[PDB]
Amino acid sequence: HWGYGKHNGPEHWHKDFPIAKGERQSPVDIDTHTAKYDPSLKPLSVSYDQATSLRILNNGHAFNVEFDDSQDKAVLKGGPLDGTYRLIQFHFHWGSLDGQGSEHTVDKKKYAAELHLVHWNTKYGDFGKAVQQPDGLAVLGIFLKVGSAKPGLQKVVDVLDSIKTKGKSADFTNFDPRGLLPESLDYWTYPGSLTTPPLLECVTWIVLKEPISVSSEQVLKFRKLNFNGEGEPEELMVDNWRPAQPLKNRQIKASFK
Ligand SMILES: C[C@H]1OC(C)(C)O[C@H]1[C@H](O)CNCCCn1cc(CNc2ccc(S(N)(=O)=O)cc2)nn1
Ligand SMILES: C[C@H]1OC(C)(C)O[C@H]1[C@H](O)CNCCCn1cc(CNc2ccc(S(N)(=O)=O)cc2)nn1
Ligand SMILES: [Zn+2]
């Protein structure tokens, strides 16, 4: 099965998922000098006031905080998007060291981690249908740098001990994802893909320019997770990021001058 080891990491994925070498793969390097301001982009609308978190799951690749997406309760609209995208889950990608972990890069700079808030287009009815469409998903990506603690992350950090290994879940109600956002909603956007298998080319990427700060202690707790199941050889869940893929025939647009 695919993963992030020497024997099953990103350079192997194309053998089971040939779209890995496709025309709109993610992540990518954001060359800030080449990205063009697009004055036609609308302001982003992040409406998370009625969000209903349910559960946190270690899926063997990351941990997902899952939401009730059976109604419009936490939605993303505006910016490059047509229509209404419902929040289904968020997760992170992170490194073994502070100098790597992000999937997207900015002028080849790697951040310590990257948050993905995953949303699906309500016109397709369910997430499984939406991932089969070129405009099915919108992923809001937020960089993490190490410095001051992020208070709104601590409830996530403190439950990780209870989902150490693959397949463990825990109740995770009443979590407010607004506490993970930076001050500014300035962004870059481009058409891309899921960054893990099945690597489907279904994503409008919206990557915020302003990183959030998390503490060294917060990211150290990420790095104590395990890719393995309980009672299997311990393999730390670190370096669960895909490197930048070729931009090909794509333009990255900026929401800001
Ligand atoms: C097995 C253990 O030992 C090693 C050192 C391999 O890693 C350990 C692992 O963590 C656990 N042992 C194996 C399980 C995980 N795995 C499988 C393989 C080789 N097959 C394989 C299949 C599909 C793809 S894909 N979908 O195209 O990306 C890539 C590689 N390599 N790892
Ligand atoms: C449903 C599936 O059920 C089985 C396994 C039986 O076949 C599958 C079927 O073939 C298809 N059914 C599943 C849904 C399709 N899908 C989605 C996912 C993971 N989503 C995901 C979300 C965000 C990002 S990121 N990092 O933000 O870019 C990366 C990955 N994995 N699959
Ligand atoms: Zn992701």
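Coordinate-derived values only; no laboratory data. No Cβ is skipped: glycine too gets one built from the backbone with ideal geometry, and neighbour counts run over all protein chains shown.
Averaging the Cα positions of each part gives two centres, and for segment 108-148 and segment 35-61 these lie 7 Å apart. Dipole magnitude for segment 143-257: computed about the Cα centre from +1 point charges on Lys and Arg Cβ and -1 point charges on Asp and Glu Cβ, it is near 500 debye.
Dipole check for the chain: with +1 at the C-beta of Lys and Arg, -1 at the C-beta of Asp and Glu, and the Cα centre as origin, the magnitude is about 480 Debye. With all pairs of separate Cα atoms included, segment 151-224 yields a Kirkwood hydrodynamic radius of 15.0 Å.
Simple rule: put +1 on each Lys or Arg Cβ and -1 on each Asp or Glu Cβ in the chain, find the dipole, and look at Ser53, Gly229, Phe256; the Cα lying farthest toward the positive end is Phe256. Computing Rg and the Kirkwood Rh from the Cα coordinates of the chain gives a ratio, Rg/Rh, of 0.93. Using C-alpha pairs below 8 Å separated by at least 6 residues, the relative contact order for the chain is 26 percent. Applying both filters, DSSP loop and at most 14 other Cβ atoms within 10 Å, to the trypsin sites (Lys or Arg not before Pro) of segment 125-232 gives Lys224. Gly83 sits among other residues whose Cβ lies under 9 Å from its own Cβ, and their net charge, with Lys and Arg +1 and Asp and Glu -1, is 0.
Just checking the listed ones, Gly192, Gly125, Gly152: in the Gaussian network model of the chain with Cα springs under 10 Å, the one fluctuating most is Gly125. Considering only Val28, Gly79, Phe90, and ranking their Cα positions along the charge dipole of segment 1-110 that arises from unit charges at the beta-carbon of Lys, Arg, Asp and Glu, the one farthest toward the positive end is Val28. Taking +1 at the Cβ of each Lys and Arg and -1 at the Cβ of each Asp and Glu, which of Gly192, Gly3, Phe63 sits farthest along the dipole of the chain towards its positive end, judged by Cα position relative to the Cα centre? Positive-most Cα among the choices belongs to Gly192.
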